[PDB]
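upload.txt follows; it contains compact mmCIF, C-alpha atoms.
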```
# COMPACT_ATOMS: atom_id res chain seq x y z
CA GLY K 1 7.45 41.11 44.18
CA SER K 2 9.70 39.27 46.59
CA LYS K 3 9.48 35.49 46.43
CA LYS K 4 10.68 33.32 49.30
CA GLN K 5 12.44 30.28 47.87
CA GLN K 6 15.21 30.68 50.44
CA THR K 7 16.26 34.28 50.84
CA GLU K 8 18.09 35.34 54.03
CA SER K 9 16.10 33.33 56.56
CA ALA K 10 16.67 29.98 54.86
CA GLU K 11 20.22 30.85 53.75
CA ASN K 12 21.69 31.44 57.19
CA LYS K 13 19.56 28.63 58.62
CA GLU K 14 20.81 26.17 56.04
CA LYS K 15 24.33 27.55 56.40
CA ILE K 16 24.32 26.89 60.14
CA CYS K 17 23.21 23.34 59.46
CA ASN K 18 25.76 22.91 56.65
CA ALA K 19 28.43 24.26 58.99
CA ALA K 20 28.10 20.93 60.81
CA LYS K 21 28.45 19.18 57.46
CA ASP K 22 27.76 15.55 58.34
CA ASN K 23 28.37 15.56 62.08
CA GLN K 24 25.14 14.17 63.48
CA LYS K 25 25.75 15.10 67.12
CA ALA K 26 26.60 18.67 66.15
CA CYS K 27 23.38 18.79 64.14
CA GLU K 28 21.46 17.32 67.08
CA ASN K 29 22.73 20.32 69.04
CA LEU K 30 21.70 22.63 66.20
CA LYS K 31 18.28 20.93 66.07
CA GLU K 32 16.86 23.82 68.11
CA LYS K 33 17.93 26.20 65.35
CA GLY K 34 15.99 24.33 62.69
CA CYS K 35 18.74 21.94 61.68
CA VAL K 36 17.89 18.32 61.00
CA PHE K 37 20.29 15.57 60.02
CA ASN K 38 19.22 14.13 56.70
CA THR K 39 20.30 10.51 56.33
CA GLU K 40 19.27 10.49 52.67
CA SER K 41 22.01 12.93 51.69
CA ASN K 42 24.09 12.22 54.80
CA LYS K 43 24.47 15.76 56.10
CA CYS K 44 22.95 18.31 58.47
CA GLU K 45 20.23 20.00 56.46
CA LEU K 46 17.71 22.76 57.09
CA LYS K 47 14.36 21.48 58.33
CA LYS K 48 12.18 22.79 55.51
CA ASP K 49 9.35 21.40 57.59
CA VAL K 50 9.85 23.96 60.35
CA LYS K 51 10.98 26.61 57.86
CA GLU K 52 7.58 26.52 56.16
CA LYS K 53 5.56 25.95 59.34
CA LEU K 54 7.28 28.94 60.93
CA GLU K 55 6.84 30.99 57.76
CA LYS K 56 3.07 30.44 57.75
CA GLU K 57 3.14 31.35 61.45
CA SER K 58 4.66 34.68 60.44
CA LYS K 59 1.45 35.90 58.81
CA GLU K 60 0.95 38.18 61.84
CA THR K 61 -2.85 38.25 61.78
CA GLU K 62 -3.78 37.47 58.17
CA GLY K 63 -4.15 40.86 56.58
CA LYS K 64 -0.82 41.10 54.79
CA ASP K 65 -1.40 43.65 52.06
CA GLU K 66 0.82 42.60 49.20
CA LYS K 67 -0.99 44.68 46.62
CA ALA K 68 -3.96 45.96 48.60
CA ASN K 69 -5.34 45.35 52.09
CA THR K 70 -8.84 46.59 51.34
CA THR K 71 -10.50 48.92 48.85
CA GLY K 72 -13.06 49.83 51.51
CA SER K 73 -15.19 52.71 50.31
```
Structure re-expressed in structure tokens:
Amino acid sequence: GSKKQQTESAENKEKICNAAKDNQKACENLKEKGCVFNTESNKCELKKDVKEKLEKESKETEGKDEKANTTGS
């Protein structure tokens, strides 16, 4: 199956953040896009916080059939 360790969503997100490199103000502007300045590494990094919290928001209802939705009868 398809695992989500980054994929497209996190790639472009991270890339937008990394496009600011280590400019804090630029990252502050990109904050709306999921970019958070990380002082630890000293760069604009993807907010994995929001990335995950948004991902678990993307469960639609709950019935995501990955192998089977329901056997029913």
Checklist entry - Hey, which of K:59, K:64, K:33, K:4 ends up closest to residue K:16? Count only C-alpha atoms. => result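 Among the listed residues, the smallest separation from residue K:16 belongs to K:33.
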Checklist entry - From the set K:49, K:67, K:43, K:72, which residue has the shortest atom-to-atom contact distance to residue K:18, counting all atoms listed in the file? => result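 With all atoms listed in the file as the atom set, the closest residue is K:43.
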Next on the checklist: For a cutoff of 6 Å around the file-coordinate point (26.9, 18.2, 58.4), which residues qualify once you count only C-alpha atoms? I'd like the result as a ChimeraX atom specification.
Outcome noted: /K:18,20-23,43-44
Checklist entry - With all atoms listed in the file as the basis for distance, which of K:12, K:7, K:70, K:2 is at the shortest distance from residue K:46? => result K:12
Next on the checklist: Rounded to one decimal, what separation in Å do you get between atom CA of residue K:29 and atom CA of residue K:42?
Outcome noted: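 Distance reported for this atom pair: 16.4 Å.
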Checklist entry - If we count all atoms listed in the file, what is near residue K:36 at a cut-off of 8 Å, once residues fewer than 2 positions away on the same chain are taken out, given as a list in words? => result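 The filter keeps residues 17, 27, 28, 30, 31, 34, 38, 44, 45, 46 and 47 of chain K.
Put simply, atom CA of residue K:41 is 22.3 Å away from atom CA of residue K:53.
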Item to check | One-decimal distance in Å that lies between atom CA of residue K:10 and atom CA of residue K:51 | outcome: 7.3 Å
Box dimensions and centre (Å, one decimal) enclosing stretch 12-24 of chain K, axis-aligned, 6 Å extra per side, as JSON:
```
{"center_x": 24.0, "center_y": 22.8, "center_z": 59.8, "size_x": 20.9, "size_y": 29.3, "size_z": 19.4}
```
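Distance check against residue K:3 using only C-alpha atoms: of K:57, K:32, K:40, K:66, the minimum falls on K:66.
Between residue K:54 and the candidates K:26, K:71, K:9, K:1, the tightest atom-to-atom separation, counting all atoms listed in the file, involves K:9.
Using all atoms listed in the file, the smallest distance between any of K:58, K:63, K:48, K:39 and residue K:14 comes from K:48.
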